[PDB]
file protein_27.csv (CSV, C-alpha atoms and all ligand atoms)
chain,number,residue,atom,x,y,z
G,1,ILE,CA,-17.3,8.4,-19.2
G,2,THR,CA,-19.5,6.4,-21.6
G,3,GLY,CA,-17.4,4.7,-24.3
G,4,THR,CA,-16.0,1.4,-25.4
G,5,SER,CA,-13.2,-0.5,-23.6
G,6,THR,CA,-9.9,-0.4,-25.3
G,7,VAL,CA,-6.2,-1.4,-24.6
G,8,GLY,CA,-3.5,1.1,-24.8
G,9,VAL,CA,0.2,0.7,-24.4
G,10,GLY,CA,2.8,2.8,-22.7
G,11,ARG,CA,5.9,3.1,-20.5
G,12,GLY,CA,5.9,3.5,-16.7
G,13,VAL,CA,8.2,5.6,-14.5
G,14,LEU,CA,11.0,3.0,-14.6
G,15,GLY,CA,10.9,2.7,-18.4
G,16,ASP,CA,9.0,-0.6,-18.6
G,17,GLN,CA,6.4,-1.2,-21.3
G,18,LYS,CA,2.9,-2.3,-20.2
G,19,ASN,CA,-0.6,-2.5,-21.5
G,20,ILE,CA,-3.3,-0.4,-19.9
G,21,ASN,CA,-7.1,-0.6,-20.0
G,22,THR,CA,-8.6,2.5,-21.5
G,23,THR,CA,-11.9,3.8,-22.7
G,24,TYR,CA,-12.5,5.4,-26.1
G,25,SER,CA,-14.9,8.2,-26.7
G,26,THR,CA,-13.3,10.8,-29.0
G,27,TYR,CA,-10.2,10.6,-26.8
G,28,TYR,CA,-8.7,7.5,-25.1
G,29,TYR,CA,-9.2,7.9,-21.3
G,30,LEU,CA,-7.4,6.3,-18.4
G,31,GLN,CA,-10.6,4.5,-17.4
G,32,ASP,CA,-10.4,0.7,-16.9
G,33,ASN,CA,-13.9,-0.8,-17.2
G,34,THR,CA,-12.6,-4.4,-16.6
G,35,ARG,CA,-12.5,-4.1,-12.8
G,36,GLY,CA,-15.5,-3.3,-10.6
G,37,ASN,CA,-17.1,0.0,-11.4
G,38,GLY,CA,-13.9,1.3,-12.9
G,39,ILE,CA,-10.4,2.5,-12.2
G,40,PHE,CA,-10.0,6.2,-13.2
G,41,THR,CA,-6.7,8.1,-13.4
G,42,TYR,CA,-6.6,11.9,-13.5
G,43,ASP,CA,-4.1,14.7,-14.3
G,44,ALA,CA,-3.6,17.2,-11.5
G,45,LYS,CA,-1.3,19.3,-13.8
G,46,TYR,CA,1.2,20.3,-11.0
G,47,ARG,CA,-1.6,21.9,-9.1
G,48,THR,CA,-3.4,20.9,-5.9
G,49,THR,CA,-7.0,21.1,-6.9
G,50,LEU,CA,-8.4,17.5,-7.0
G,51,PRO,CA,-9.1,15.3,-8.8
G,52,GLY,CA,-8.1,17.4,-11.8
G,53,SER,CA,-9.1,16.1,-15.3
G,54,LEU,CA,-9.7,12.5,-16.3
G,55,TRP,CA,-6.6,11.6,-18.3
G,56,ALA,CA,-7.2,12.0,-22.0
G,57,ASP,CA,-4.9,10.9,-24.8
G,58,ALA,CA,-5.3,11.2,-28.6
G,59,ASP,CA,-3.8,7.9,-29.7
G,60,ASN,CA,-3.9,5.3,-26.9
G,61,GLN,CA,-0.1,5.3,-26.8
G,62,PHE,CA,1.4,6.5,-23.5
G,63,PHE,CA,5.2,6.8,-24.1
G,64,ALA,CA,5.7,10.5,-23.2
G,65,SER,CA,7.7,11.3,-20.0
G,66,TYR,CA,4.6,13.2,-18.8
G,67,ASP,CA,2.5,10.0,-19.2
G,68,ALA,CA,4.7,7.7,-17.1
G,69,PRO,CA,3.3,8.4,-13.6
G,70,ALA,CA,-0.2,8.0,-15.0
G,71,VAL,CA,0.5,4.7,-16.6
G,72,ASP,CA,1.9,3.3,-13.4
G,73,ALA,CA,-0.9,4.7,-11.1
G,74,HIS,CA,-3.5,3.2,-13.4
G,75,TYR,CA,-1.8,-0.2,-13.9
G,76,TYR,CA,-0.7,-0.7,-10.3
G,77,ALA,CA,-4.2,0.2,-9.1
G,78,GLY,CA,-5.4,-2.7,-11.3
G,79,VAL,CA,-2.9,-5.1,-9.8
G,80,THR,CA,-4.0,-4.0,-6.3
G,81,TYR,CA,-7.7,-4.5,-7.2
G,82,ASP,CA,-6.8,-8.0,-8.5
G,83,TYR,CA,-4.9,-8.9,-5.3
G,84,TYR,CA,-7.8,-7.9,-3.0
G,85,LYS,CA,-10.4,-9.7,-5.2
G,86,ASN,CA,-8.5,-12.8,-6.0
G,87,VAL,CA,-6.8,-13.3,-2.6
G,88,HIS,CA,-9.3,-11.9,-0.2
G,89,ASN,CA,-12.6,-12.0,-2.1
G,90,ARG,CA,-12.9,-8.2,-1.5
G,91,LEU,CA,-14.4,-6.1,-4.3
G,92,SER,CA,-12.6,-2.7,-4.3
G,93,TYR,CA,-11.8,-0.7,-1.2
G,94,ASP,CA,-15.4,-0.6,0.1
G,95,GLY,CA,-16.2,-4.2,-0.7
G,96,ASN,CA,-18.9,-3.1,-3.2
G,97,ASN,CA,-16.8,-2.3,-6.2
G,98,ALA,CA,-16.4,1.5,-5.5
G,99,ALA,CA,-14.8,3.3,-8.4
G,100,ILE,CA,-11.0,3.7,-7.7
G,101,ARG,CA,-9.7,7.2,-8.5
G,102,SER,CA,-6.1,8.4,-8.6
G,103,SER,CA,-4.5,11.8,-9.5
G,104,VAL,CA,-0.9,12.1,-10.6
G,105,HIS,CA,1.3,15.2,-11.1
G,106,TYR,CA,0.0,16.6,-7.8
G,107,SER,CA,1.7,19.9,-6.9
G,108,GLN,CA,5.4,20.6,-7.6
G,109,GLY,CA,8.4,18.7,-6.3
G,110,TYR,CA,5.9,16.8,-4.0
G,111,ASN,CA,7.7,14.1,-2.0
G,112,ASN,CA,4.7,12.1,-0.9
G,113,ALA,CA,1.5,10.3,-1.9
G,114,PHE,CA,-1.7,9.9,0.1
G,115,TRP,CA,-5.4,8.9,0.3
G,116,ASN,CA,-7.4,12.1,0.8
G,117,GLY,CA,-10.5,10.4,2.1
G,118,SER,CA,-11.9,9.8,-1.4
G,119,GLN,CA,-9.0,9.1,-3.8
G,120,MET,CA,-5.3,8.4,-4.2
G,121,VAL,CA,-2.9,11.3,-4.9
G,122,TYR,CA,0.7,11.0,-6.1
G,123,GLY,CA,3.4,13.6,-6.1
G,124,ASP,CA,6.2,13.6,-8.8
G,125,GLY,CA,8.9,13.9,-6.1
G,126,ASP,CA,11.7,16.5,-6.4
G,127,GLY,CA,14.0,14.1,-8.3
G,128,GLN,CA,16.3,13.8,-5.2
G,129,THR,CA,14.2,12.2,-2.4
G,130,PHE,CA,11.7,10.7,-4.8
G,131,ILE,CA,10.9,10.2,-8.4
G,132,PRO,CA,7.1,10.0,-9.3
G,133,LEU,CA,5.8,7.9,-6.5
G,134,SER,CA,3.3,5.8,-8.5
G,135,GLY,CA,6.3,4.1,-9.9
G,136,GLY,CA,6.4,1.8,-6.8
G,137,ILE,CA,3.8,-1.0,-6.8
G,138,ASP,CA,4.2,-1.2,-3.0
G,139,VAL,CA,3.5,2.6,-2.8
G,140,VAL,CA,0.3,2.3,-4.9
G,141,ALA,CA,-0.9,-0.7,-2.9
G,142,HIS,CA,0.0,1.2,0.4
G,143,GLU,CA,-2.2,4.1,-0.7
G,144,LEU,CA,-5.2,1.9,-1.8
G,145,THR,CA,-4.9,0.0,1.5
G,146,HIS,CA,-5.5,3.2,3.4
G,147,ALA,CA,-8.9,3.2,1.7
G,148,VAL,CA,-9.5,-0.4,2.7
G,149,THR,CA,-8.6,0.4,6.3
G,150,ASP,CA,-10.8,3.5,6.4
G,151,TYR,CA,-13.8,1.4,5.2
G,152,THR,CA,-13.1,-1.4,7.7
G,153,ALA,CA,-11.2,-1.1,11.0
G,154,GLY,CA,-11.1,2.7,10.6
G,155,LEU,CA,-7.9,3.0,12.6
G,156,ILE,CA,-7.5,6.6,13.8
G,157,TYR,CA,-4.4,8.2,12.2
G,158,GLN,CA,-2.4,8.9,15.3
G,159,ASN,CA,-0.4,7.2,18.0
G,160,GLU,CA,-0.7,3.4,18.2
G,161,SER,CA,-3.8,3.0,16.1
G,162,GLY,CA,-2.2,5.2,13.5
G,163,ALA,CA,1.0,3.1,13.5
G,164,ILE,CA,-1.1,0.0,13.0
G,165,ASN,CA,-2.8,1.8,10.1
G,166,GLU,CA,0.6,2.5,8.6
G,167,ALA,CA,1.8,-1.0,9.1
G,168,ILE,CA,-1.3,-2.5,7.5
G,169,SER,CA,-0.5,-0.3,4.4
G,170,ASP,CA,3.1,-1.4,4.4
G,171,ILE,CA,2.2,-5.1,4.9
G,172,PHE,CA,-0.4,-5.2,2.1
G,173,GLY,CA,1.8,-3.0,-0.1
G,174,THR,CA,4.5,-5.6,0.2
G,175,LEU,CA,2.1,-8.5,-0.3
G,176,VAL,CA,0.8,-6.9,-3.5
G,177,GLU,CA,4.4,-6.4,-4.6
G,178,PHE,CA,5.0,-10.2,-4.0
G,179,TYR,CA,1.7,-11.0,-5.8
G,180,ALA,CA,3.0,-9.2,-9.0
G,181,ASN,CA,6.3,-10.9,-8.5
G,182,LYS,CA,8.7,-8.4,-10.0
G,183,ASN,CA,11.7,-7.8,-7.8
G,184,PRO,CA,9.7,-8.3,-4.6
G,185,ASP,CA,11.2,-7.6,-1.2
G,186,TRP,CA,10.3,-6.5,2.3
G,187,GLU,CA,11.5,-2.9,1.7
G,188,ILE,CA,9.1,0.0,1.2
G,189,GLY,CA,9.4,2.4,-1.7
G,190,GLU,CA,12.8,1.3,-3.0
G,191,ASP,CA,11.8,1.7,-6.7
G,192,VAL,CA,11.0,5.4,-6.3
G,193,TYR,CA,13.2,6.5,-3.4
G,194,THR,CA,16.5,8.4,-3.8
G,195,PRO,CA,17.4,7.8,-7.4
G,196,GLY,CA,21.0,8.8,-6.7
G,197,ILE,CA,21.5,6.2,-4.0
G,198,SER,CA,21.3,2.5,-4.8
G,199,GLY,CA,20.2,-0.2,-2.4
G,200,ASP,CA,18.2,1.9,0.1
G,201,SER,CA,14.5,2.4,0.7
G,202,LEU,CA,12.1,4.6,2.7
G,203,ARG,CA,11.4,1.9,5.3
G,204,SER,CA,12.5,-1.7,5.9
G,205,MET,CA,10.1,-4.4,7.3
G,206,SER,CA,12.8,-6.9,7.7
G,207,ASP,CA,15.1,-4.5,9.6
G,208,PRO,CA,13.2,-1.3,10.4
G,209,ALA,CA,16.2,0.0,12.5
G,210,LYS,CA,18.3,0.3,9.3
G,211,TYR,CA,16.4,3.6,8.7
G,212,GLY,CA,16.1,4.5,12.4
G,213,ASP,CA,12.6,3.0,13.0
G,214,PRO,CA,12.0,1.0,16.1
G,215,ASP,CA,11.9,-2.8,15.9
G,216,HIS,CA,10.8,-3.3,19.6
G,217,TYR,CA,8.1,-1.7,21.7
G,218,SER,CA,10.7,-0.5,24.2
G,219,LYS,CA,12.1,1.7,21.4
G,220,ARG,CA,8.8,3.3,20.4
G,221,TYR,CA,8.5,7.0,19.8
G,222,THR,CA,6.2,8.9,22.1
G,223,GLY,CA,6.5,12.5,20.9
G,224,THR,CA,4.0,14.4,18.8
G,225,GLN,CA,5.8,14.7,15.4
G,226,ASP,CA,4.3,12.7,12.5
G,227,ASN,CA,0.9,12.3,14.3
G,228,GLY,CA,2.7,10.6,17.2
G,229,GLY,CA,5.1,8.7,15.0
G,230,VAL,CA,2.8,6.8,12.7
G,231,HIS,CA,5.5,6.2,10.0
G,232,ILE,CA,8.0,5.5,12.8
G,233,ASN,CA,6.3,3.1,15.2
G,234,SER,CA,4.9,1.2,12.2
G,235,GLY,CA,8.4,-0.5,12.3
G,236,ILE,CA,7.4,-2.4,15.4
G,237,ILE,CA,4.4,-4.0,13.7
G,238,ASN,CA,6.2,-4.3,10.3
G,239,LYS,CA,8.9,-6.3,12.1
G,240,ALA,CA,6.3,-8.6,13.7
G,241,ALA,CA,4.6,-9.2,10.4
G,242,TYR,CA,8.0,-10.0,8.7
G,243,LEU,CA,8.8,-12.5,11.5
G,244,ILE,CA,5.4,-14.2,11.2
G,245,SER,CA,6.0,-14.7,7.5
G,246,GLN,CA,9.7,-15.3,7.3
G,247,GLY,CA,10.7,-16.3,10.8
G,248,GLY,CA,13.9,-15.3,12.6
G,249,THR,CA,15.4,-14.8,16.0
G,250,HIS,CA,15.0,-11.2,17.2
G,251,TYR,CA,16.3,-10.0,20.6
G,252,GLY,CA,16.8,-13.7,21.4
G,253,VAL,CA,13.2,-14.7,20.6
G,254,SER,CA,12.8,-17.3,17.9
G,255,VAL,CA,9.8,-17.2,15.5
G,256,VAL,CA,8.9,-20.0,13.2
G,257,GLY,CA,7.8,-18.5,9.8
G,258,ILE,CA,4.5,-19.5,8.3
G,259,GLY,CA,4.8,-17.7,4.9
G,260,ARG,CA,3.3,-14.7,3.2
G,261,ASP,CA,-0.1,-16.2,2.3
G,262,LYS,CA,-0.9,-17.0,5.9
G,263,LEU,CA,0.4,-13.7,7.1
G,264,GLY,CA,-2.0,-12.0,4.6
G,265,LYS,CA,-5.0,-14.2,5.7
G,266,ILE,CA,-4.3,-13.5,9.4
G,267,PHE,CA,-3.9,-9.7,9.0
G,268,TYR,CA,-6.8,-9.3,6.5
G,269,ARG,CA,-9.1,-11.1,9.0
G,270,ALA,CA,-7.8,-9.0,11.9
G,271,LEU,CA,-8.3,-5.8,9.9
G,272,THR,CA,-11.9,-6.7,8.8
G,273,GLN,CA,-13.3,-8.6,11.8
G,274,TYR,CA,-11.4,-7.5,14.9
G,275,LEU,CA,-9.6,-4.2,14.8
G,276,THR,CA,-11.5,-1.0,15.7
G,277,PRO,CA,-10.7,2.7,15.3
G,278,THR,CA,-8.9,2.9,18.6
G,279,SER,CA,-7.0,-0.5,18.6
G,280,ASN,CA,-3.6,-0.3,20.2
G,281,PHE,CA,-0.6,-2.7,19.7
G,282,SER,CA,-1.7,-5.1,22.5
G,283,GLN,CA,-5.2,-5.2,20.9
G,284,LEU,CA,-3.6,-5.9,17.5
G,285,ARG,CA,-1.8,-8.9,19.0
G,286,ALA,CA,-5.1,-10.2,20.4
G,287,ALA,CA,-6.8,-9.7,17.1
G,288,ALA,CA,-4.1,-11.5,15.2
G,289,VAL,CA,-4.1,-14.4,17.7
G,290,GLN,CA,-7.8,-14.7,17.4
G,291,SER,CA,-7.7,-14.5,13.6
G,292,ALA,CA,-5.1,-17.2,13.4
G,293,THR,CA,-7.2,-19.3,15.8
G,294,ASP,CA,-10.3,-18.9,13.6
G,295,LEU,CA,-8.3,-19.9,10.5
G,296,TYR,CA,-5.9,-22.6,11.7
G,297,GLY,CA,-7.0,-23.7,15.2
G,298,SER,CA,-5.9,-22.9,18.7
G,299,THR,CA,-3.1,-25.5,18.8
G,300,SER,CA,-1.8,-24.6,15.4
G,301,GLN,CA,1.8,-23.5,14.4
G,302,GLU,CA,0.2,-20.4,13.0
G,303,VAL,CA,-1.2,-19.3,16.3
G,304,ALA,CA,2.1,-20.1,18.1
G,305,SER,CA,4.1,-18.1,15.5
G,306,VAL,CA,1.9,-15.0,15.9
G,307,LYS,CA,2.5,-15.1,19.7
G,308,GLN,CA,6.3,-15.6,19.1
G,309,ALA,CA,6.4,-12.6,16.7
G,310,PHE,CA,4.6,-10.2,19.0
G,311,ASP,CA,6.8,-11.5,22.0
G,312,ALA,CA,9.9,-10.8,19.9
G,313,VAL,CA,8.9,-7.1,19.4
G,314,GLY,CA,7.9,-6.7,23.0
G,315,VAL,CA,4.1,-6.5,22.5
G,316,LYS,CA,2.0,-8.4,25.0
H,1,LIG,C1,4.7,4.5,0.9
H,1,LIG,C2,5.3,5.9,0.9
H,1,LIG,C3,6.2,6.2,-0.3
H,1,LIG,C4,4.2,7.0,1.0
H,1,LIG,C5,3.4,7.0,2.3
H,1,LIG,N1,2.3,8.0,2.1
H,1,LIG,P1,1.0,8.0,3.2
H,1,LIG,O1,-0.3,7.6,2.6
H,1,LIG,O2,1.4,7.3,4.5
H,1,LIG,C6,1.0,9.8,3.6
H,1,LIG,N2,-0.3,10.2,4.1
H,1,LIG,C7,-0.5,11.1,5.1
H,1,LIG,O3,0.5,11.7,5.6
H,1,LIG,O4,-1.8,11.3,5.6
H,1,LIG,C8,-2.3,12.5,6.2
H,1,LIG,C9,-3.7,12.7,5.6
H,1,LIG,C10,-4.8,12.5,6.4
H,1,LIG,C11,-6.1,12.8,6.0
H,1,LIG,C12,-6.3,13.2,4.7
H,1,LIG,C13,-5.2,13.4,3.8
H,1,LIG,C14,-3.9,13.2,4.3
H,1,LIG,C15,4.4,7.4,3.4
H,1,LIG,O5,5.0,6.6,4.1
H,1,LIG,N3,4.6,8.8,3.5
H,1,LIG,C16,5.5,9.4,4.5
H,1,LIG,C17,6.7,9.9,3.8
H,1,LIG,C18,7.7,10.7,4.6
H,1,LIG,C19,7.2,12.0,5.1
H,1,LIG,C20,8.2,9.8,5.8
H,1,LIG,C21,9.0,10.9,3.7
H,2,CA,CA,-0.4,9.4,-26.7
H,3,CA,CA,10.9,-4.4,-5.0
H,4,CA,CA,9.2,-3.1,-1.9
H,5,CA,CA,17.4,4.9,-3.8
H,6,ZN,ZN,0.5,5.5,4.7
call {"tool": "encode", "arguments": {"input": "protein_27.csv", "output": "structure tokens"}}
result
Amino acid sequence: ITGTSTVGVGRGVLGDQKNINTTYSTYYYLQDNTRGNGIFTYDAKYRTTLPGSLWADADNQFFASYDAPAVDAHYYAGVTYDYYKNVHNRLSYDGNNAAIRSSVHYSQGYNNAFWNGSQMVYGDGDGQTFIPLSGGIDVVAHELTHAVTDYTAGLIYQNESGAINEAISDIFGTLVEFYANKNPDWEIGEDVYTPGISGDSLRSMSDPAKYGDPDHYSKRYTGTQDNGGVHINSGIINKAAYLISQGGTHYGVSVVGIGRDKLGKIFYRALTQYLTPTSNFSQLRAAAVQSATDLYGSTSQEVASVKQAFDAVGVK
């Protein structure tokens, strides 16, 4: 909407206060004009018709319980935008400052979040498996990264290409979490998963097997559930990425860590220059090796570490 840029204040899902960029025209809207062609957050009002209505507030204060998922969807979309722009010189998900749209309060008891081809969508959870999912910065960045993938490599959402698609979202979700630097870790969704159970998460990149996901190609799922295991087999690539960054010895194969920033550069280049809609795990290895070669040179530690990491997870 047309209006003047304003700064509201509110409380997110976890009870933390933050400032949000809003727009004033009669109401204060969750419309941040400071980033690209805007970040827009909508109320789906417990229904499934999207996007719903652009979030309107009378006083620019967002401290109501109902406001919390909107505050976080809006704020964390801003952090994710900043990560892609500042770290990768990418302007929004399409590279041309496309407006970023999110809806919260989607459906009832909805234990998921997704990119629907056009926008991000967040359930509130059922209070048992999840609380409102926009409360996780890794979750928000995971969702926006699906948009980045769709505009770039275009990895088809099934089988190996789909598991790479998933891993890319977990990798960048985690790198954005580190970028914001509040309780960062290599776990996925810990801030919004199972409020009655401490210390767990939906997935682990450092040890995927702790939640039953494979950490080696020989343990891959080959059935048809979950689009051929896209949220399961992502563990194999998540583990490789973790090893590239942090190092370790895994099934007897030692990997020299090169750090998060270099991991991000290598995978961003692979995603945007080398991967295609049908890339499989072997092709991802080749893309990562080539990307590291471009960035650091064929004889570099970085290239050697990429090879070690894929070796460790059984991907040739
Ligand atoms: C980071 C987490 C919190 C959310 C993450 N959501 P996602 O974006 O991967 C779910 N997306 C999804 O299933 O896509 C399917 C889809 C395709 C095309 C259009 C619309 C939807 C996830 O791992 N969902 C799976 C959760 C489950 C089912 C394992 C509990
Ligand atoms: Ca208010
Ligand atoms: Ca964390
Ligand atoms: Ca995390
Ligand atoms: Ca928990
Ligand atoms: Zn996903």
call {"tool": "residues_near_ligand", "arguments": {"input": "protein_27.csv", "ligand": "ligand CA 2 (chain H)", "cutoff": "8 Å", "atoms": "only C-alpha atoms and all ligand atoms", "output": "compact mmCIF listing (two decimals) with C-alpha atoms, in the frame of the given file"}}
result
# COMPACT_ATOMS: atom_id res chain seq x y z
CA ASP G 57 -4.90 10.90 -24.80
CA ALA G 58 -5.30 11.20 -28.60
CA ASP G 59 -3.80 7.90 -29.70
CA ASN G 60 -3.90 5.30 -26.90
CA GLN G 61 -0.10 5.30 -26.80
CA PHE G 62 1.40 6.50 -23.50
CA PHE G 63 5.20 6.80 -24.10
CA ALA G 64 5.70 10.50 -23.20
call {"tool": "residues_around", "arguments": {"input": "protein_27.csv", "residues": "residue 258 of chain G", "least_positions_apart": "5", "cutoff": "9 Å", "atoms": "only C-alpha atoms", "output": "CSV table (one decimal) with C-alpha atoms, in the coordinates of the input"}}
result
chain,number,residue,atom,x,y,z
G,243,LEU,CA,8.8,-12.5,11.5
G,244,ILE,CA,5.4,-14.2,11.2
G,245,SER,CA,6.0,-14.7,7.5
G,246,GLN,CA,9.7,-15.3,7.3
G,247,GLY,CA,10.7,-16.3,10.8
G,263,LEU,CA,0.4,-13.7,7.1
G,301,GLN,CA,1.8,-23.5,14.4
G,302,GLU,CA,0.2,-20.4,13.0
G,305,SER,CA,4.1,-18.1,15.5
call {"tool": "atom_distance", "arguments": {"input": "protein_27.csv", "atom1": "atom CA of residue 124 of chain G", "atom2": "atom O3 of ligand LIG 1 (chain H)"}}
result
15.6 Å
call {"tool": "closest_atom_pairs", "arguments": {"input": "protein_27.csv", "of": "chain G", "to": "ligand CA 4 (chain H)", "cutoff": "12 Å", "atoms": "all atoms listed in the file", "output": "tab-separated table"}}
result
residue	atom	partner	partner_atom	distance
G:135	CA	H:CA4	CA	11.1
G:136	CA	H:CA4	CA	7.5
G:137	CA	H:CA4	CA	7.6
G:138	CA	H:CA4	CA	5.5
G:139	CA	H:CA4	CA	8.1
G:140	CA	H:CA4	CA	10.8
G:141	CA	H:CA4	CA	10.4
G:142	CA	H:CA4	CA	10.4
G:169	CA	H:CA4	CA	11.9
G:170	CA	H:CA4	CA	8.9
G:171	CA	H:CA4	CA	10.0
G:172	CA	H:CA4	CA	10.6
G:173	CA	H:CA4	CA	7.6
G:174	CA	H:CA4	CA	5.7
G:175	CA	H:CA4	CA	9.1
G:176	CA	H:CA4	CA	9.4
G:177	CA	H:CA4	CA	6.4
G:178	CA	H:CA4	CA	8.5
G:179	CA	H:CA4	CA	11.6
G:180	CA	H:CA4	CA	11.2
G:181	CA	H:CA4	CA	10.6
G:182	CA	H:CA4	CA	9.7
G:183	CA	H:CA4	CA	7.9
G:184	CA	H:CA4	CA	5.9
G:185	CA	H:CA4	CA	5.0
G:186	CA	H:CA4	CA	5.5
G:187	CA	H:CA4	CA	4.3
G:188	CA	H:CA4	CA	4.4
G:189	CA	H:CA4	CA	5.5
G:190	CA	H:CA4	CA	5.8
G:191	CA	H:CA4	CA	7.3
G:192	CA	H:CA4	CA	9.7
G:193	CA	H:CA4	CA	10.5
G:199	CA	H:CA4	CA	11.4
G:200	CA	H:CA4	CA	10.5
G:201	CA	H:CA4	CA	8.1
G:202	CA	H:CA4	CA	9.4
G:203	CA	H:CA4	CA	9.0
G:204	CA	H:CA4	CA	8.6
G:205	CA	H:CA4	CA	9.3
G:206	CA	H:CA4	CA	10.9
call {"tool": "residues_near_point", "arguments": {"input": "protein_27.csv", "point": "(-9.8, 12.1, -16.4)", "cutoff": "12 Å", "atoms": "all atoms listed in the file", "output": "VMD selection string"}}
result
chain G and resid 1 22 to 23 27 to 32 39 to 45 50 to 57 70 74 101 to 104
call {"tool": "write_last_selection", "arguments": {"input": "protein_27.csv", "atoms": "C-alpha atoms", "output": "compact mmCIF listing (two decimals), keeping the file's coordinate frame"}}
result
# COMPACT_ATOMS: atom_id res chain seq x y z
CA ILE G 1 -17.30 8.40 -19.20
CA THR G 22 -8.60 2.50 -21.50
CA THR G 23 -11.90 3.80 -22.70
CA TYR G 27 -10.20 10.60 -26.80
CA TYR G 28 -8.70 7.50 -25.10
CA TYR G 29 -9.20 7.90 -21.30
CA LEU G 30 -7.40 6.30 -18.40
CA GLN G 31 -10.60 4.50 -17.40
CA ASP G 32 -10.40 0.70 -16.90
CA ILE G 39 -10.40 2.50 -12.20
CA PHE G 40 -10.00 6.20 -13.20
CA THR G 41 -6.70 8.10 -13.40
CA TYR G 42 -6.60 11.90 -13.50
CA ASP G 43 -4.10 14.70 -14.30
CA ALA G 44 -3.60 17.20 -11.50
CA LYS G 45 -1.30 19.30 -13.80
CA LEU G 50 -8.40 17.50 -7.00
CA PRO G 51 -9.10 15.30 -8.80
CA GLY G 52 -8.10 17.40 -11.80
CA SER G 53 -9.10 16.10 -15.30
CA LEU G 54 -9.70 12.50 -16.30
CA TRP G 55 -6.60 11.60 -18.30
CA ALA G 56 -7.20 12.00 -22.00
CA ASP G 57 -4.90 10.90 -24.80
CA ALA G 70 -0.20 8.00 -15.00
CA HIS G 74 -3.50 3.20 -13.40
CA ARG G 101 -9.70 7.20 -8.50
CA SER G 102 -6.10 8.40 -8.60
CA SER G 103 -4.50 11.80 -9.50
CA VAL G 104 -0.90 12.10 -10.60
call {"tool": "closest_residue", "arguments": {"input": "protein_27.csv", "among": "G:275, G:241, G:14, G:295", "to": "residue 259 of chain G", "atoms": "all atoms listed in the file"}}
result
G:241
call {"tool": "closest_atom_pairs", "arguments": {"input": "protein_27.csv", "of": "chain G", "to": "ligand ZN 6 (chain H)", "cutoff": "9 Å", "atoms": "all atoms listed in the file", "output": "JSON lines"}}
result
{"residue": "G:113", "atom": "CA", "partner": "H:ZN6", "partner_atom": "ZN", "distance": 8.2}
{"residue": "G:114", "atom": "CA", "partner": "H:ZN6", "partner_atom": "ZN", "distance": 6.7}
{"residue": "G:115", "atom": "CA", "partner": "H:ZN6", "partner_atom": "ZN", "distance": 8.1}
{"residue": "G:139", "atom": "CA", "partner": "H:ZN6", "partner_atom": "ZN", "distance": 8.6}
{"residue": "G:142", "atom": "CA", "partner": "H:ZN6", "partner_atom": "ZN", "distance": 6.1}
{"residue": "G:143", "atom": "CA", "partner": "H:ZN6", "partner_atom": "ZN", "distance": 6.2}
{"residue": "G:145", "atom": "CA", "partner": "H:ZN6", "partner_atom": "ZN", "distance": 8.3}
{"residue": "G:146", "atom": "CA", "partner": "H:ZN6", "partner_atom": "ZN", "distance": 6.6}
{"residue": "G:165", "atom": "CA", "partner": "H:ZN6", "partner_atom": "ZN", "distance": 7.3}
{"residue": "G:166", "atom": "CA", "partner": "H:ZN6", "partner_atom": "ZN", "distance": 4.9}
{"residue": "G:167", "atom": "CA", "partner": "H:ZN6", "partner_atom": "ZN", "distance": 8.0}
{"residue": "G:168", "atom": "CA", "partner": "H:ZN6", "partner_atom": "ZN", "distance": 8.7}
{"residue": "G:169", "atom": "CA", "partner": "H:ZN6", "partner_atom": "ZN", "distance": 5.9}
{"residue": "G:170", "atom": "CA", "partner": "H:ZN6", "partner_atom": "ZN", "distance": 7.4}
{"residue": "G:230", "atom": "CA", "partner": "H:ZN6", "partner_atom": "ZN", "distance": 8.4}
{"residue": "G:231", "atom": "CA", "partner": "H:ZN6", "partner_atom": "ZN", "distance": 7.3}
call {"tool": "atom_distance", "arguments": {"input": "protein_27.csv", "atom1": "atom CA of residue 306 of chain G", "atom2": "atom CA of residue 271 of chain G"}}
result
15.0 Å
call {"tool": "closest_residue", "arguments": {"input": "protein_27.csv", "among": "G:194, G:276, G:111, G:33", "to": "ligand CA 5 (chain H)", "atoms": "all atoms listed in the file"}}
result
G:194
call {"tool": "residues_around", "arguments": {"input": "protein_27.csv", "residues": "residue 220 of chain G", "least_positions_apart": "3", "cutoff": "8 Å", "atoms": "all atoms listed in the file", "output": "JSON, numbers by chain"}}
result
{"G": [214, 216, 217, 232, 233, 236]}
call {"tool": "atom_distance", "arguments": {"input": "protein_27.csv", "atom1": "atom CA of residue 313 of chain G", "atom2": "atom CA of residue 152 of chain G"}}
result
25.6 Å
call {"tool": "residues_near_point", "arguments": {"input": "protein_27.csv", "point": "(-15.6, 6.6, -6.1)", "cutoff": "8 Å", "atoms": "all atoms listed in the file", "output": "list in words"}}
result
residues 98, 99, 100, 101, 118 and 119 of chain G
call {"tool": "residues_around", "arguments": {"input": "protein_27.csv", "residues": "residue 16 of chain G", "least_positions_apart": "6", "cutoff": "10 Å", "atoms": "all atoms listed in the file", "output": "PyMOL selection string"}}
result
chain G and resi 10+63+68+72
call {"tool": "write_last_selection", "arguments": {"input": "protein_27.csv", "atoms": "C-alpha atoms", "output": "mmCIF file, in the coordinates of the input"}}
result
data_model
loop_
_atom_site.group_PDB
_atom_site.id
_atom_site.type_symbol
_atom_site.label_atom_id
_atom_site.label_comp_id
_atom_site.auth_asym_id
_atom_site.auth_seq_id
_atom_site.Cartn_x
_atom_site.Cartn_y
_atom_site.Cartn_z
ATOM 1 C CA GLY G 10 2.800 2.800 -22.700
ATOM 2 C CA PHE G 63 5.200 6.800 -24.100
ATOM 3 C CA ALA G 68 4.700 7.700 -17.100
ATOM 4 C CA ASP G 72 1.900 3.300 -13.400
#
